[PDB]
């Protein structure tokens, strides 16, 4: 896997030059990834909200794949992806430890602005997920904000294993195969109940700007984002980055 490792390492060095030399480009590109994932979340929640509970995992997982397709094919900068690229970049010597930790929070924030931005436009566009309190947007958001730390951490680990696996298979494949790679892993992660930090940003923002109940708070959103973010970072850094690094000649 030295070819795939070098391409990821070349990418870590590209992310850095963008961060350092083109600040405007970096921020636009990070906000893009959040908006793109968010457009996917609006799609899957719209469809889930109309359907019986027993088919939601299947339809929402099967139709979420647009989210990473946009991110990877359209082009953008996705925090959860950075956790792997930047690990590989550090391990190969194309970027440093300090550059890694300085870039990640930046991608995280741009993703956030882009998520809030798409949920805002959806809200001004009078989106139908928003005004009714029984909307799946609110009950999924609330449940997400009140789950224990451990549960959220490990769900965040599992999600980013798959999402990074999708990034990884897409770099190793061509044409349509990238699309199937993306499709598969997004099905597995949504249907299986795992947690994606950047997907959550849009979900939480959608619930915030609608008729959420009193028990839904900025704190609870903070809680979920803290622990999912760490767990996404575990799988990205260790399962995938260090994992494949240690797997090659």
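Numbering follows the first chain given and starts at 1.
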With respect to the recorded C-alpha B factors, which stretch has the higher mean value, 97 to 105 or 153 to 161?
97 to 105
So which stretch wins on mean C-alpha B-factor, 231 to 239 or 14 to 22?
14 to 22
Maximum C-alpha temperature factor per the entry, among 193, 220, 48, 40, belongs to which one?
220
For the chain shown, is the CA B-factor of residue 90 in the lowest, middle or highest third of its modelled residues?
highest
Among the chain's modelled residues, which third holds the C-alpha B-factor of residue 69?
lowest
Hey, what third does residue 114 fall into on Cα B-factor, ranked over its chain?
middle
Would the CA B-factor of residue 55 place it in the lowest, middle or highest third of its chain?
lowest
Chain third (lowest, middle, highest) by recorded CA B-factor, residue given as residue 189:
lowest
